[PDB]
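Summary of the model geometry
The primary structure of each chain is shown beneath.
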Amino acid sequence: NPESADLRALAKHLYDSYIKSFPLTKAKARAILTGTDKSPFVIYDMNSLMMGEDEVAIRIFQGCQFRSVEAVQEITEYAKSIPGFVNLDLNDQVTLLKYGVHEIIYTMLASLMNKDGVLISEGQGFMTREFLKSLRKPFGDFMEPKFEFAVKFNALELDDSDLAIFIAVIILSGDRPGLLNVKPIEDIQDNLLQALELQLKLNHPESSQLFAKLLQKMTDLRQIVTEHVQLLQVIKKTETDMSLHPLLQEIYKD
Ligand SMILES: *[C@@H](/C=C\C/C=C\CCCCC)CC(=O)CCCCC(=O)O
C-alpha cells in the first residue's frame, strides 16, 4: 500500500539515524554478552575492580553519572532526526527531552544487561549484578530496579530496528507536563505509533499483541525513574560531599 510504504520509509529513516547516534547497539551488546575478540573483563569484587583499571560506591556512582550525561547527548542528537521534532516550539523540544531521556536511557540500558550484570565502558567490561548490590547503602540499591525491568523487557526480544521507533514514540509524548502545543506532538507520535505497529507486525509475525505488550512497558519505565529520583534525594542528604552533574540536576527538577 502507498500508505504502509510511507511508514516503512519512516521506520528505515529512524533505524538509520539510531545507528548513527548510538555507538553501542543491542546487536553488538548481545554479540559481546553471548560470546573471542569482543570478550569483556569481569568485575565481581574489589580486586577485580581494581584490576579493571589496568569511596568505591561513589566512584562507581559518578562513573555512571558521566555516562548518563553522554547518553543524554546521544538521545538529543537522535531526537533532532525525528521528522517534525525540530519544527516544534523550542520550549516543547526542551520539555520532551527533559521527560524522555531517562525513560529512554533505561530502555536502551536493558540492551546491555542480562540477569547477571551490565556491560560497561562501551562493552569492554561487565559489572556483576551481585557486586553492584553489595555496595554501601544506599548505593547498593541503585541498580536492582533496572535489572528487574531489563529481565522482563528483554523477554520481548526486540532488536535495534524496533527500538529505534519505540524510543521515538517515547520522546513524542503529548502528555508531558507543561507542553504548550500538544496537537503537533500527537500528530507526530500518531505517525510513529503507526510505523511501530507495522514494524512489529512485519518483524515479529508470530508474536501476538507485541505492540500492546510493548506499550504497557512504558508503565514500568515511569516507575523506575520515579523510584530513581527518590534515591537521589537520599544521596544528596547523606553524601553532601558528593558532586552531581548540572545537566542531570536540571532534568530532575520535575
Ligand atoms: C549507570 C551505571 C552504569 C552505566 C552503564 C555502563 C557504564 C559504562 C561506563 C564505563 C564505566 C546506571 C544508570 O543509568 C543510573 C541512571 C542514570 C544516572 C542518572 O541519570 O542519575
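Residues numbered from 1 in each chain as written, not as in the entry; some residues may be left out. Heavy atoms only, no water.

Structure determination for this entry is recorded as X-ray crystallography, at 2.35 Å resolution.

This paragraph deals with the overall build of the protein. Helix and strand content of the protein: 11 helices and 4 strands. Here the C-alpha atoms of the protein give a radius of gyration of 19 Å, agreeing with the 18 Å that 2.2 N^0.38 yields for 254 residues. Looking at the protein residue by residue over its 254 residues, the buried ones come to 49%. Just so you have it, the protein exposes about 13600 Å², and 53% of that area is on carbon and sulfur atoms. (Helix = DSSP H or I, 4+ residues; strand = E, 2+ residues; numbered from the N terminus. Rg over C-alpha atoms; globule rule 2.2 N^0.38 Å. Buried < 20%, exposed > 50% of the residue type's maximum accessible area, 1.4 Å probe, protein only. Areas by Shrake-Rupley, 256 points an atom, 1.4 Å probe, with all protein chains shown as cover.)

The next thing to look at is the pattern of salt bridges. One pass over the structure, following the stated rule, counts 13 salt bridges. Between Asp 187 and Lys 183 there is a salt bridge, with the nearest N and O atoms lying 3.4 Å from each other. In this pair, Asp 187 and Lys 183 both sit in helix α9 (residues 182-203), 4 residues apart, roughly one turn of the helix. Under the relative-accessibility criterion, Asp 187 is labelled partly exposed at 41%. Connected through shared salt-bridge partners, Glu 103, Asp 175, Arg 176 and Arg 222 make up one network. (Salt bridge = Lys/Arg side-chain N within 4 Å of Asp/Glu carboxyl O.)

Here the focus is the nonpolar core. Membership of the largest hydrophobic core comes to 74 residues, with the highest contact counts inside it found for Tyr 78, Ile 82, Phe 139, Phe 153, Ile 171 and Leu 192. Of all the secondary structure elements, the ones that give two or more residues to this core are α1 (2-21), α4 (56-81), α5 (90-109), α6 (129-134), α7 (144-153), α8 (160-171), α9 and α10 (210-238). Per-element accounting of this core gives the leading share, 10 residues, to α4. Every residue in contact with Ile 171, bar those within four places of it in the chain, is listed here: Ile 75, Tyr 78, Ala 79, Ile 82, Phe 85, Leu 96 and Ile 104. Of all hydrophobic cores here, the second largest spans 6 residues; its members include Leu 24, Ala 29, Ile 32 and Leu 112. (Core = buried A, V, L, I, M, F, W, Y, C linked by side-chain atoms within 4.5 Å. Contact = heavy atoms within 4.5 Å.)

This part takes up the environment of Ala 9. Looking at the secondary structure, you find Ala 9 in helix α1. Using a relative accessible area of 46% as the deciding quantity, one classes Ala 9 as partly exposed. Put simply, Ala 9 and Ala 27 are 18 residues apart on the chain and 21 Å apart in space, counted from C-alpha to C-alpha.

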